[PDB]
Amino acid sequence: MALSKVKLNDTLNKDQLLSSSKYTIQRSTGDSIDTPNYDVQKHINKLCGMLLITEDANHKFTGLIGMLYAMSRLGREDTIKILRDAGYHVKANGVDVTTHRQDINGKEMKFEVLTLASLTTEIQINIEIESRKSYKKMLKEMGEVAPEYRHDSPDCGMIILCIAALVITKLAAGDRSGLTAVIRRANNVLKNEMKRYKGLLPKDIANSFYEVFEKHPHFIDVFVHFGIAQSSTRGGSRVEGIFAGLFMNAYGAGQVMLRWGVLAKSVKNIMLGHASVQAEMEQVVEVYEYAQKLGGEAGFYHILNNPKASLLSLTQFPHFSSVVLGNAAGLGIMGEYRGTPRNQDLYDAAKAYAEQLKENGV
Amino acid sequence: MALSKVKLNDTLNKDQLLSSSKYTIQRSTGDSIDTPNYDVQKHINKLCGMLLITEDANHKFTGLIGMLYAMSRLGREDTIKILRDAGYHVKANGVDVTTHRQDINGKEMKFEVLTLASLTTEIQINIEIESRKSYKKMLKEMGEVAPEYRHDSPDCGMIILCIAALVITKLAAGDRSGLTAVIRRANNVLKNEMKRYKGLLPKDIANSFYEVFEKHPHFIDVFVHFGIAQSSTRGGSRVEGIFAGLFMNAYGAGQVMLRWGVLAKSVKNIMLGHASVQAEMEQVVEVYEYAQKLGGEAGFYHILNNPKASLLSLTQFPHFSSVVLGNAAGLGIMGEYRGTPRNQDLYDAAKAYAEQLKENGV
Amino acid sequence: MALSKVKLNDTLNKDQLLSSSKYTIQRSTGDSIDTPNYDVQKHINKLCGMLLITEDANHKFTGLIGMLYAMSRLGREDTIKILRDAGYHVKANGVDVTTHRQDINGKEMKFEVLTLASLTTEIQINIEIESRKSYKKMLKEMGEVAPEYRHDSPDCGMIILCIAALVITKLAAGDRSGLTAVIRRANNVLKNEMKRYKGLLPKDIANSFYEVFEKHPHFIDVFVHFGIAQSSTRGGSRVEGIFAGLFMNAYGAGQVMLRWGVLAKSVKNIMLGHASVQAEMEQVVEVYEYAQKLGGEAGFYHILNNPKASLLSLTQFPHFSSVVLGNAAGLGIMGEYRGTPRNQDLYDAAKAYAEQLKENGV
Amino acid sequence: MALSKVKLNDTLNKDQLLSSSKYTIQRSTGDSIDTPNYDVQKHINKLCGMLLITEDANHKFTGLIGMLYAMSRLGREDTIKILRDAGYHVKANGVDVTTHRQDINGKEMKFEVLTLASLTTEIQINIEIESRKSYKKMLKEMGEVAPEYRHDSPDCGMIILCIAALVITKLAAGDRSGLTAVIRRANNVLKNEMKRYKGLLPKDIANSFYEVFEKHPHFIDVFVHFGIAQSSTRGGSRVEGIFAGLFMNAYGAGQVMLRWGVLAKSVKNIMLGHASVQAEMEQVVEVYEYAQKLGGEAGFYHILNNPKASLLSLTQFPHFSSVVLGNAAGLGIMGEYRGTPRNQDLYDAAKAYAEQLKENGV
Amino acid sequence: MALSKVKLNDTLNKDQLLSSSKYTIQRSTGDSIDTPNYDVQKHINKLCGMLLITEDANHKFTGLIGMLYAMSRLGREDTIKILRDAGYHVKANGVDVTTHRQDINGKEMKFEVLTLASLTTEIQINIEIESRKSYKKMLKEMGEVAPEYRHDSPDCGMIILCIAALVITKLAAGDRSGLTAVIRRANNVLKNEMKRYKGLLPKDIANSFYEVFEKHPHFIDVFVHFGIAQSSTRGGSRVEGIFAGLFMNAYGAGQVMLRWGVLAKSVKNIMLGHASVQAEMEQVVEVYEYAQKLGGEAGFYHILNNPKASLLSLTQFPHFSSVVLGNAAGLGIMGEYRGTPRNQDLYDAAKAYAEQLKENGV
RNA sequence: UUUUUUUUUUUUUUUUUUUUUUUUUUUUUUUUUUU
């Protein structure tokens, strides 16, 4: 009857507001960050292969190198386009290949290097020298190495970006907490690669990536759109296939409570007949409809500092949050989720109901 | 049938009337309030950092200083634009950096200061001296301070503006009543900051802000639009993140009764079958439609002296107001809302119904 | 079918007729009523403050003084404009500040006074003397008065105009009947002001205002447009905000029956199925449409002698009027509305239905 | 299809014909009827006040006197203009104030009188003498009379013109039939006036007015336009409002059948499905459209001998007239309307239907 | 498509033809018919009053006398103008008042008479003598007669012209057939006049008028334009309104079939789907458009011998005429219209349909 | 060929207004596991 139209869609109104605000704040530093093109991908892959075959190398700039691989795989104009869509005021320090001369210990030698505002030909040739030394050492004691053991093979950048995906998985919390689980998974898979190569320091690579993402954030959006584009394609090697599964596994972070609530719904937890949640039913329905409307680009918000993610938190609905938490904990799956309820009574009640309901499960 | 068009939209008619009145009253004082630009933000941030690291400093002009930070972050032309939209007759006393000479206790020293019609180089250098003294004292007994303990770090203005948001939350009542809850929340959060710095007098900062807002009101609109613009952006630090959540938490003040009425609706309180509210159903529906039409810019009205807010008060609908109050109190959530009903009988009846309905909740 | 166009819009035809009549009657007295400008507002506010702080003063010309405050706040040209729109033939006796010399009891003293065709410097200095005497008396027995206790504060004219709004509320009846309710409300609010000052004689002020409005009517339109303009603004204090709520509360006088009819509609009173009102349905619909078309400037008609208000009276529809009256009385809200129905049977029937319907209200 | 344009608008054709006839008949008597101006209004009001305060005076020329008041309130040029628009051949015997000398019973006294072609200074001084005598008698037995009891007050002419409006109400029939209802309505109100003054002979005033309107007709148009102009104004008193309501109540005389037909339509009387009225539907629609087109100046036709009023009579549509009559009589509101139907069967049928439909009205 | 322009407007072509024929036939008798002016109207009215008050007078020349009254009311120049527009070759025998001497039975007496080429002073004085005799007889047996019983009153000519209008009503047939209905109506009205006077022989007056119109036709056009001019005026009495209504009632004679066809259309007679009338639809539409174009001066054609009236006869459309006749007769309103159809089958069919449709009328 | 009957219009009731009433007032950052 007439009551049905008594409503208030504060969420939609906030959305409209933040979408149309008429004003803007600016930093506009004016940086001149680099951007390569399709050409130097081969040199970069060879470099990553050297840095992989070499043992115990200081995997410091590895995350940077992988981001450069990504930008080269993408394209100058496309990178610039997404950056301008993101709203930046930066420039394109074009990259250029060149030879470097160095009288190494009484020998003039040619050295393939790239001009950059962040790299140094010194460390480049150091890397190349160490790779050459341990590579000839590897040639010793067997006579020859396979093609799948040398820097020339093409899967190196994808191997690094797999770890990058493992890190962007847990960057939601992003406090160097999930490093242990990251290492655990990276050893659970990639065993073939860990035996085929040796310059694999997962902890060091992850720390490097953490530093990179903590300082320069725009690489986040870069890597995101790169992974999305790579997934949409159907081409690539075995590593590219695993990479896509890993990347997509990190969909929908900072949104777990919604799915757990759907879970407790599908289990038919009795406690939802309580008036204290039957009230909030309306608003929770409305936010669910909002998420359904947004559809695709919904899971990657909390990855970023996108301000519209705060809407999708049921922490403001304490009774609902607490009952869902109690249900999931009674199911014995909330391993170490450092959350908290509000109505401890409802939490304990739902937990007791669930554990009672499971043991007598036919 | 024919009865459906018997209507009278007094609210819309009042809206049209006040929108088009043909006349205006003016004060037009002719003040020459200052306005900085993007340049001096660094000096101001350093100043706020000094005033933060220093202990037990008289946080008197801190609210003013934060407003100056805000105007500098915004822009001269934008501030002037919003002021003219607000309908002011003021001028732009441009700010200028300069050095000040002072033979401090037998030593001529240079002193970074800004010409202003509100500030004094004397108190500026006093602040700087006190900061330097306690900073070298902090350098004692440890040997060195971290970069996150010195005035040079960039989060100071945002730290102050967080408290500013906590204050504009309760400025709706605006009688220095919510100061206790403000302090409570400011200690519930910002514990990291309270340990990282020491010049934190929340009560004093809040009193300063109260004085500032009580005297000069235009800073209200300034701070509002500033927070809105900052929220719409996404590029920010952790402090900028917390600030946006805090600011948005103060959306929709002086409108709580609408949401509580929606609550009592969603609970299906039996008492709304009463004819004495079935009558007023029409007008309450109409005002709800008006609010839905206005959409976004609806919650910030009561923050201001905007005259159109008086429409959105259901106090003129006594039966509806009383039943909603009784329902919410029966739910045991109306903590200390100093309201009053009219039909005490309906109030008590709804409260009894609700408390009866909760205890037997399955 | 063809019957739908059988119609007769006597209301619209009367409207057109009275709008275009080709002739006019004139009085054209040729008065020289005064008009100040923005300058003397401060002196007038100080005068009102004196007349407020002084005790038991004969609040005789207070309504006149408040109207002068209003004209000064408005502007000479604007007052003249609205008067010419109202169709007057008066002149502008310009006001001028000056000093007056008077050897008070052996002392020559200067006296701030304004030349006027209504005021006298004698009574002006009498007021000032009494204010000074009781002000120094107030300074006794405490040592000092606060700034919010002296004539210098700026809220005096608004304080008077609040009572003016309370009076123009009930001026529709305008027979000195609502004075009791006026006093009741004026004591229900303004308690802070009644304790902060003492020259508050609400009955005397109201009688003064009644005399003023009974004699000079043009001040009615003046005060109306003044209140409208003040409400549209936002820059104001507590008193200014209260004033606007009070003024707007008097919207739509002599039109209560329409809203009560809407009420009885929303309650679905069974008696409207009667043919004796199903007939008049058409004309009542038409007048409702006329009111909806006029929209804003509809509620202030009965305040004035505007001749077009007689249309908006359902007294000519006796059956409808009587049923609405009976319904509202059965709801027990028609307190003392000295009205009368025509069909006493329908009146009693609707009342019985309503009271039957309320007691069994679920 | 093609049938829709088979039409014949005899009404419009008659209208065009009578509007353009090329010829004219003339009487052109050449009278020299008087016309005053704004000056003598005060003397005339004093005279009417004398004739009101005096008891049992022969209210013979009172209607004439009121018409003179009206012409004085209007203006010489305006009266002449409307008369020439009406198509007269008369002159303007200008009025002039003067003193008259008369040795009353051994005393020479001055007597304010006006030269006129219809008045006599003798009867003027007789009136003044009688007023003076009973006025001093009224001064006896109380000591003093109020200002609202003497001839000097300004509402006398309006008091007379109220009765004039009551008479022009029923002048449509204009056979001295409605005198009883007129007296009843003069006692329904004006009770305050009947107690405040005593020279009130409603029957005598009405007979005087009847004589005046029966002889001189042009005063009809005069009084009409006067009332219209007075209504359009707003500046007035209680008597002025009363008068306007009374005057407008006489709008639309000799047109009641149209409104009663609209009534029977809005009730949905079943009998209109009869073919014998479905036929005449077209012409009745056409005349209704004609009336809607004329709009405003439609109700005052039957007041005059304007020849175009005969169009707006549904007596020529016997079936429609009879069914409407039967419906209205079945509603029990056609009190004493001395009409007649044609199809007595349809009349009785509709009456039976209506009375059947009312008693079972839910 | 192309077929729409296949047309033939024989009616318009005949109209153009008869309008422009280039030739003329003439009689040009050269008569010297009289014409009075405004002066003798009073004498003529007195004469008619004598001839009315006198009993059983031979109302032989009464129609002539009334026509002379009409010409006197019109004007010499205007009569001559309309006659020349009608295309006559006559002269103006001016009328002149004079006294006649006659030694009546031994008494020389003065006798008011007018020189005329049709009248005789002998019969004039005979009329006057008879009037005087029966007038003094009327003075007997009551003592005095009222002013509304003597020849001096002014309504006599209008009283005669009312009967003249009743006759010109039925002159369309003009075979002394409608005399009975004429007498019936003349007794249905004018009862007041029939009791107030006695020289009223309606049959004799009508026979006189028939003779006059049968012999001299130009008086027809005279009387027509006179009635039209009198109707357009408004300044009149009861007899004038009566006369105008009567005159206008005779509008549109010899055109009844058009209106009856419109009637049968508005009833939606099924038989018009027949192809035999769907064919003639075009031409009947065209003549209807022609009549609509002519507009006003359309109804008075058949009154005259104007040759253009033969167009407006649907007798040449036999199927349409017969179906309309059958419809109207089935409605039971074609009382005694001595017409005839052509398609008797269609006539009977439509009649049966109509009478079937009426009895079952809801 | 054409035309073809019926008929003046008006008629009752009635000024309008009339009550109650400033609004605000509470709590709250969000994220956190497994593949």
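Protein chains in written order, with the authors' numbering: chain A, 1 to 362; chain D, 1 to 362; chain B, 1 to 362; chain C, 1 to 362; chain E, 1 to 362. The C-beta atom is built at its ideal place from N, Cα and C for all residues, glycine as well.
Alpha-carbon spacing of residue i relative to residue j, whole angstroms
i: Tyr149/B; j: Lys191/B; result: 15 Å
i: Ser4/B; j: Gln278/C; result: 14 Å
i: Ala164/E; j: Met334/E; result: 26 Å
i: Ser19/B; j: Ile82/B; result: 19 Å
i: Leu311/E; j: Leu200/E; result: 40 Å
i: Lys137/A; j: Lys203/A; result: 26 Å
i: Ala349/B; j: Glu280/B; result: 19 Å
i: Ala172/E; j: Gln16/E; result: 26 Å
i: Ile160/D; j: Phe219/D; result: 15 Å
i: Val284/B; j: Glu297/C; result: 23 Å
Simplified DSSP assignment, three categories, for residue i
i: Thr120/A; result: coil
i: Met109/E; result: strand
i: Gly299/D; result: coil
i: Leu114/B; result: strand
i: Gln255/A; result: coil
i: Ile159/C; result: helix
i: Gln292/A; result: helix
i: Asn126/A; result: helix
Beta carbon proximity, residue i to chain B, threshold 8 Å
i: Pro307/D; result: yes
Cutoff 6 Å; reference residue i; Cβ partners in own chain excluding five residues on either side
i: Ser28/E; result: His89
i: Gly261/E; result: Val324
i: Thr169/D; result: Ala250
Residue i at chain E interface by Cβ criterion, 8 Å
i: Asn93/C; result: no
C-beta neighbour in chain D for residue i, strict 8 Å
i: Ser21/B; result: no
i: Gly339/B; result: no
i: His274/A; result: yes
Cut-off 7 Å between Cβ atoms - residues of its own chain near residue i, not counting five sequence neighbours on either side
i: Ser72/B; result: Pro36, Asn37, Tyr38, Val40, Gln41 and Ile44
8 Å Cβ shell around residue i - same chain, five flanking residues per side excluded
i: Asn343/B; result: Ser276, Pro318, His319, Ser322 and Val323
Cβ of residue i within 8 Å of any chain C Cβ
i: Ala329/B; result: no
> With a cut-off of 8 Å, do at least 3 Cβ pairs link the stretch 56 to 76 of chain C to the stretch 171 to 181 of chain C?
Replying inline: no
> Counting pairs of beta carbons, one from the stretch 349 to 356 of chain B and one from the stretch 259 to 271 of chain B, are three or more of them closer than 8 Å?
Replying inline: Touching, yes.
> Is there contact between the stretch 316 to 336 of chain D and the stretch 21 to 39 of chain A, where contact requires at least three CB pairs shorter than 8 Å?
Replying inline: no
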